[PDB]
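Descriptive structure summary
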Amino acid sequence: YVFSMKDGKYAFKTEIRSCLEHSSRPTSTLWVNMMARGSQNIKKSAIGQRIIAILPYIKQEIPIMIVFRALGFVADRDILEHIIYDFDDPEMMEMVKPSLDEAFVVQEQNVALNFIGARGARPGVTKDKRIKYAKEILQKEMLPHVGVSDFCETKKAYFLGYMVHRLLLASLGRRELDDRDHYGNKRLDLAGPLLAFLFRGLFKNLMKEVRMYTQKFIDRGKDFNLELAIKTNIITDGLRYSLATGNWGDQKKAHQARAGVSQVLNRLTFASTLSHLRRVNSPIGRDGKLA
Amino acid sequence: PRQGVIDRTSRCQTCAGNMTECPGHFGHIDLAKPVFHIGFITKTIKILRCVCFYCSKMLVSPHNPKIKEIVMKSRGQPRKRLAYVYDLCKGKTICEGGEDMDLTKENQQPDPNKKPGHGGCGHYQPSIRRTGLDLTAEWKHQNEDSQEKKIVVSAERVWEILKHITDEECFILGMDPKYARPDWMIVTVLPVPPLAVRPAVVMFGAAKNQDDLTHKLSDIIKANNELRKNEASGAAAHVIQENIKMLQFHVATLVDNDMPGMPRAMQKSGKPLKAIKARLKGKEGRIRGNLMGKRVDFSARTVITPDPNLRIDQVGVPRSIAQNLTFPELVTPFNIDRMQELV
Amino acid sequence: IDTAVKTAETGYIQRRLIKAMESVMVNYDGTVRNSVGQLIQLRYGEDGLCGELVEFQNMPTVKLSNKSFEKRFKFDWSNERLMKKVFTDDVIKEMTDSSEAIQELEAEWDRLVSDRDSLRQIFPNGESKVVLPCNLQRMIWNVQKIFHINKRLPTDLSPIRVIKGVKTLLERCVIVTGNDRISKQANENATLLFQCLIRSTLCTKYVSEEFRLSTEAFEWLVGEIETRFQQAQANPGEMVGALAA
Amino acid sequence: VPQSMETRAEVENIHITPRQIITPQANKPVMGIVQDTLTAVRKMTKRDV
Amino acid sequence: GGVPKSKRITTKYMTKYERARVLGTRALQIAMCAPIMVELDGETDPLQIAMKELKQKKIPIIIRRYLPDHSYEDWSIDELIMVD
Amino acid sequence: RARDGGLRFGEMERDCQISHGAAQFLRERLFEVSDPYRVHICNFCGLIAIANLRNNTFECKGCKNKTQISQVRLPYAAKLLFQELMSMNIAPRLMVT
Amino acid sequence: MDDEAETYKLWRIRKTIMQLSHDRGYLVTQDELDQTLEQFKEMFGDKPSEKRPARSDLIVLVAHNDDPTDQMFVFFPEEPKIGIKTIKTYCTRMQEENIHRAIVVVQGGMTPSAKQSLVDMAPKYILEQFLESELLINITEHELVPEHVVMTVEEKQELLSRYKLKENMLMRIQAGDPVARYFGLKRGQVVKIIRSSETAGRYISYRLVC
Amino acid sequence: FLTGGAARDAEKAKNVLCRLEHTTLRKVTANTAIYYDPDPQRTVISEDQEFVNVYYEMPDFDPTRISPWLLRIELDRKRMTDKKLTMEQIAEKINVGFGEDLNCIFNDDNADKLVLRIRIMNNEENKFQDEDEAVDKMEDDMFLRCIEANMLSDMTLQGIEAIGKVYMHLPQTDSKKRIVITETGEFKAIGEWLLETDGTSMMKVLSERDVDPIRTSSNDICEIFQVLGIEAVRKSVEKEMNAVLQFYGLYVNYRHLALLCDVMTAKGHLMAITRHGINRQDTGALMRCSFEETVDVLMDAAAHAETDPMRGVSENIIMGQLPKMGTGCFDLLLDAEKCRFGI
RNA sequence: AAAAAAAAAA
Ligand SMILES: [Zn+2]
Ligand SMILES: [Zn+2]
Ligand SMILES: [Zn+2]
């Protein structure tokens, strides 16, 4: 998705809500942003508009060139091959200059990984673990939909270059900006994925309870019974609560859950029942002044 | 039982009335150590940045012409007086004073009719910061070598600072010492509301569960008893600090539960505690929903239908609504026979 | 969509407006004060009249040209054929007997010219539509219909009695009472537009050549104007701040 | 329903409907002849009726 | 702070807010078996008797009008003049 | 309807009853037919005093006052407001003198 | 282009100063109020670069009608940012000419130390200040600004006796108001505002300078 | 609004529009380029070669001392024509915005394209200055790029920075026309030109050469407050409210609007209808706590011992007393001597 | 009997 900001420090933003297919460790939002021109600095006037990247689990702002060097591309021609597909285009070569000028100090992969790891939450010590932590950001958090295995840095660099290419296309006006209320960019969670998410949560709770029971009965040197290990009330009670109440999550943590997902079926006319069975709800709350 | 009644059949131990007659009477809890009142916290630092941290005197002396001009300008407006005094005391970082600090002249005879000068202790006032209810002090310029540059300030230290402020400095500070002394903003004796404020919720026969304020006061009593047991046994300093932290948390979340930066008071049923501020503040609160907008007794409400045969100063009323609604007509000799046949 | 989004901030604006002005009340001295007694207006709406009993009036002396003003408002006694067609012989006998008459009609014309200049100063864009109590055209029509006024027959109303009745009516139509300089000045500042409308409509030309009002019709009109100007005054104790909100 | 005669007199002398005809908001009546009453007023006061 | 009768500066005309409470208080008084100052022609609702003896200005009520400087003027019923 | 409840005389009703200038209808709908109450208040301290109505005794604990006790009619919601503020370490002293 | 524009703005500022002095009740002749641009160019010159006129040449000394020994100086300093040195020079001129009232037409602004000098020097000599951009427009000639009349203590006392008012119950006007700075109102005075009304013709209100 | 010949002629009104509208270097030029020019008299651009030797034939500075880097700015002719600008004004603006640091050379008037050449002179007296460390040491082409962005995105050629688009038009109704009184005494409306500007700066518009200082106003209430005064704020708020209500054709009586306009302007400044203008008044505590921020207002009144004098309507509503308002603004006394013959 | 949520009417 590509959006434009009327107010703020960003001229344009590029957003992806990337998630691994039918898996846990939920959806991570990756941003590739352009810095706005309206920065009152003498030295930044020669710089101009600049491209940064906002990473999951990192509260700081990282330039994209350090990220590209952290994926194993020390040269600049290879990265500009990854972003600018046609070398004959003048204006995109003019737009890629300030990121290259800013990230001139970092020129090696481990230096880029140390740059990444120094800005994460709860930073490590003595560089290399941070570098290891940087790999944990660059393999499990950056774009899980393209791959979380090893040796997937090439495809991830291709997709990151495609995102920067789209951001530069939308900066120069060669493509239209994306629309939030365009319904092609929307999906409908029916009973299937929603009950699948509930079963993920309840199965994780069941595995945790079974693990605690067998860890209690394994430290005494004795064996255990599998039928006594599984507490069968967990899945049944969780599904019954989240279908009867409508609060879509844990019973103790229902404040963070969506309400009104499950509703009492309206039996007044046949048309009322058919309209209730074919209802689509928008997740926007009913207090928005925006039309 | 000394605070009031409990059910519809009992009597008050104090005033010997029923639930309608008894207004309910207050109790008190003597805290072992003083704790901050949370809603006065934004007031309290406003006095803490105007008086000295050591000698408890004002940063600018009250015989200043600017203070006299502020007092002359703000007669009857103590809040604006506090605002102007806080603006005057915002730039003061040293407790400057001393009657012998103006000896710049040579061969000057001392004056027996001289007014007293500023009685400053010559200490640097720390910057006071806060991340919730914890209050810290930092000295950018160092005092004498026995003072650490960064300290945590307990409520007992603030209580001892605000106790030694004279009544004149309170009066220039916009707080009348007859009713509103500053050292009374730190909770040492907690009032206990009567049973009318916290009703015992009865469900089926007997009162099973109380409301949230009774459970919160139970937490208050348990934390206070734990603190006085731990200081009576002479335990370690971290145990005492943890007890003060829990007692301050319980007092503040009895008073205020919606302040950011502070952990929420976790009620049993997955909800936050509804404190006194949540009772008062709001559209459905005690002011807007119960005082400006209380429900009436003699009223009716139904669907309307047109009637062109009625004149504009008439309304058609159904017979059931007319039988339910009554009017208390006085009995006069003019209508005595008609009211007799009515009864 | 437009009906839903708005309704919340409209109600919030109404609540804010009604809470800012909930205790603003016309007091018993005619002044308008809030709960703390702080003075807001010396008279309610700058004229001390309630909003229910006022109407849209046409001020006739603003938009006219100079020659039209002199043609339609300057009373010329020298046209004796018009004086025989308009007035009876008793009125012509009465006006010729008194010596005050010519200078009194000239004083009327001077007051009309000064009122025209003040009205043109107050309204610079030439608005001949004011909001004033006591609709004079409808009351003149009412006293024409009640007393069966014949507009093609000579009348018995001398213009000096018209001047005396208008002056007595404007002296009895007060808003700010008292005899001090401040009280008198506030009285004419409150009743300036009403006095200009009275003099511009109850002129000695319109009530004699156009309306042809009789004597008792004229005192009935004067008494009704005075009574209904009294009735249009704002009641002390009326909550005008909440009404305004 | 008012429950006292002073409140009853206040309803009579202030709150009653014919006293509330004229808005103080815009010095105009708030109540007018509406719907088929107005339509038949227009249809009755024609010349040919 | 009793203002003298010659020094009263308030209006001499009873407005609707005085009229409503005078009629209500007088109706409550007649309903609580006070003597009726005027004759009767068969009226039973005491608010009608209250208007009937308000027409002849025979109601014993002193209205204490409060000026904004916390001074008060006392006006009798017959000193005021009815308008409607 | 199911709990046999009265109608909500809300804020806007109070607004336009202020606009009508009817003080007695406001006092009726907001004090007389909603929640009247009588409290006994110490004259010196202005707080709620002990009142035993059987033997007709009055006593203020905070002032040791037995005689100078007045009686104030007020809405019950105002009494809960004052007692909740007394739990807020606030003294809303109703100076009845 | 600098000389003609500077002469024009100096003529406009001088005209506004003389209209301000006439509105305060000071003795100002009719030809000073009706002074044209060509009359200013003949009287003072037209080349402000070569000191024709100089900024110190345009000093205006004016006197009051009722009391001829109550006078105003109007100074036109050439420095854009005014320090304590020029303020002290003007103050020494005020002692050696025995005049308690002066207005300094600054160009850019003043240092806050000079503002504190004006504050604590005030209850012997009144030393007001004005920006040059504020004096290019006569504020009272705008159609949104009604007639303001300063009242004496006798008229204020008569007002408070007639309307039974205390001084805190009146409406207020700030001392930093452009109209109050135009009329030189100190704290405690009462200004009478006469405005045109669309329901009563005209309306007189009163405000207290605070 | 305009006066004199600007009011009736479109050319002088367009001159006023050019003097008011913000025209930077963005709105006027065609393109920018940075060249390396080793020989200024033998420059790489042949089209410049016809006139650059004209400028260096009698130069004001040594051509050896200048830096070889060149900034070539080609200007659009139609934007120069629309803004009525000329190249000597641009050169003068450059020379007063950058001083003697830059050399500016402009093209001829009747050329095909309008070319500007900007160079930097190497100040050799400033090259030996000490105290230079960790200051992001400067190359000349980067300095030319940064000053190019500086004079491109920030340099004002004419107008006011706070004013955006400016429209020039003739009104068609009798509201924005000038209404005068003729010799016959009638009212004549004259259709003079006027301007509508987005963005307001009244000190920099009223003080212009040919702008009416009387009829010119704004829709910004705060700017009316720092420009004119509080009574002009009252009149301006009444005018904006009238325009807002007259856009939809709704009519409200003048008294209900003038009352609000006098309520806001009563205290001498702008008293907004928010929690920042109502709760900052001198009213009672129960009146202020009934609107917004109930607990904060109540505890501020507790800490300051504020006395509520029971004069508002909501205060007596809370007390349940008859409120001193409406028909409760007086007291009824029983006349003892009027109790004549009854029954 | 309380609290929360959902569906609605004007
Ligand atoms: Zn009891
Ligand atoms: Zn000290
Ligand atoms: Zn007591």
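Method-wise, the PDB entry is recorded as coming from cryo-EM, at a reported resolution of 3.37 Å.

Our focus in this paragraph is the interface of chain H and chain E. On the chain E side, the residues contacting the 18 residues of chain H number 21 residues. Regarding the contact of chain H and chain E, the summed buried area is about 1700 Å², with carbon and sulfur atoms giving 60% of it. On the chain H side of the contact with chain E, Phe330(H), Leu332(H) and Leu333(H) bury the most area, a combined 35% of that side's loss. Where strand β1 (residues 61-66) of chain E lies against strand β11 (residues 330-334) of chain H, five bridges are found, and the strand directions are antiparallel. Looking at the pairing, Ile62(E) lines up with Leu333(H) of β11(H).

This part is about the coordination of the zinc ion (ligand 2). By definition of the ideal shapes, a tetrahedral metal site with four donors has angles of 109.5 degrees and an octahedral site with six donors has angles of 90 or 180 degrees. All names here are of chain B. For the zinc ion (ligand 2), the protein coordination sphere consists of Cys52 (SG), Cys55 (SG), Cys95 (SG) and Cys121 (SG), at 2.3 Å. Around the zinc ion (ligand 2), the four donor atoms sit at angles spanning 106 to 112 degrees, and that spread fits a shape best called tetrahedral. When the donors of the zinc ion (ligand 2) are listed by position in the chain, the intervening gaps give C-x2-C-x39-C-x25-C. Highlighted residues: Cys52 in the loop between α1 (41-48) and α2 (65-73) and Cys95 in the loop between α3 (78-88) and β2 (127-130), separated in sequence by 43 residues.

Moving on to the coordination of the zinc ion (ligand 1). All names here are of chain B. Surrounding the zinc ion (ligand 1) are the protein donor atoms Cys12 (SG), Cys15 (SG), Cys22 (SG) and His25 (NE2), at 2.1 to 2.3 Å. On the primary sequence, the residues serving as donors to the zinc ion (ligand 1) are separated as C-x2-C-x6-C-x2-H. In this structure, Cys12 and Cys15 share a single accessibility class: buried.

A few words now on the sheet that holds strand β3 (residues 39-41) of chain C. Across the sheet, three strands lie side by side as β1-β2-β3 (chain C); this open sheet has antiparallel pairing. At either end of the open sheet lies a strand with only one pairing partner, and these are β1 (25-26) and β3 of chain C. Two strands pair when backbone bridges link them, and strand β2 (residues 32-33) of chain C and β3(C) are joined in this way by two bridges, in the antiparallel orientation. Across the sheet, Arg33(C) pairs through a bridge with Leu39(C), a residue of β3(C). Packing of helix α10 (residues 254-264) of chain H onto the sheet brings it into contact with β2 and β3 of chain C, and relative to β3(C) it is tilted by some 150 degrees.

Rules used in this analysis
- Residues numbered from 1 in each chain as written, not as in the entry; some residues may be left out.
- Chains lettered and ligands numbered in written order.
- Part of a larger assembly, values for the part shown.
- Heavy atoms only, no water.
- Residues with missing side-chain atoms left out of burial classes, pairs and counts.
- Contact = heavy atoms within 4.5 Å.
- Buried area = accessible area lost by both parts, 1.4 Å probe.
- Pairing = 2+ DSSP bridges.
- Helix = DSSP H or I, 4+ residues; strand = E, 2+ residues; numbered from the N terminus.
- Donors = N, O, S within 2.8 Å, 3.2 Å for Na, K, Ca; no water.
- Tetrahedral: all angles 85-135°; square planar, octahedral: opposite > 155°, others 65-115°.
- Buried < 20%, exposed > 50% of the residue type's maximum accessible area, 1.4 Å probe, protein only.
- Axes fitted to C-alpha atoms, helices over the stretch in contact; angles between N-to-C directions.

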